[PDB]
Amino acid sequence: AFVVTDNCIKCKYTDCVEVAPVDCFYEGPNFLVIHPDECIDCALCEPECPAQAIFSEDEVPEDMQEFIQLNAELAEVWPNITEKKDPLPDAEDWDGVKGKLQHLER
């Protein structure tokens, strides 16, 4: 499984979903997650993300380990996203800001 980490929050560029072969992505208000069971580990999404938020499970940063579990339980409750959409409004202002999980919206 691949995993969406902190930088996606409040950016949500949704470029990653345009390459997904299966329905691996689940949309939140200001964040996306990857269903670990859907994910075929194709790895196409990871280069697409402008926020560089996506990592292979095996490679999630130490400080971002909570996101492995977070994507797994949030994907059981959010709707599937299959189509790209515009980024959120302050997306470039929020790109690269750290600590954004404090801003996560369910």
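The first residue of the sequence shown is number 1, and the count goes up from there.
Averaging CA B factors per stretch from the PDB record, which one is higher: 8-16 or 92-100?
Going by the record's values, the stretch with the higher mean is 92-100.
Do the C-alpha atoms of 77-85 or of 26-34 have the higher average B factor in the entry?
Averaging CA B-factors over each stretch, the winner is 77-85.
Taking the values exactly as deposited, rank residue 41 by C-alpha B-factor within its chain and report the matching third: lowest, middle or highest.
According to the entry, residue 41 has a C-alpha B-factor in the chain's middle third.
Lowest, middle or highest third: where is residue 62 by Cα B-factor in its chain?
Lowest third of the chain for residue 62's C-alpha B-factor.
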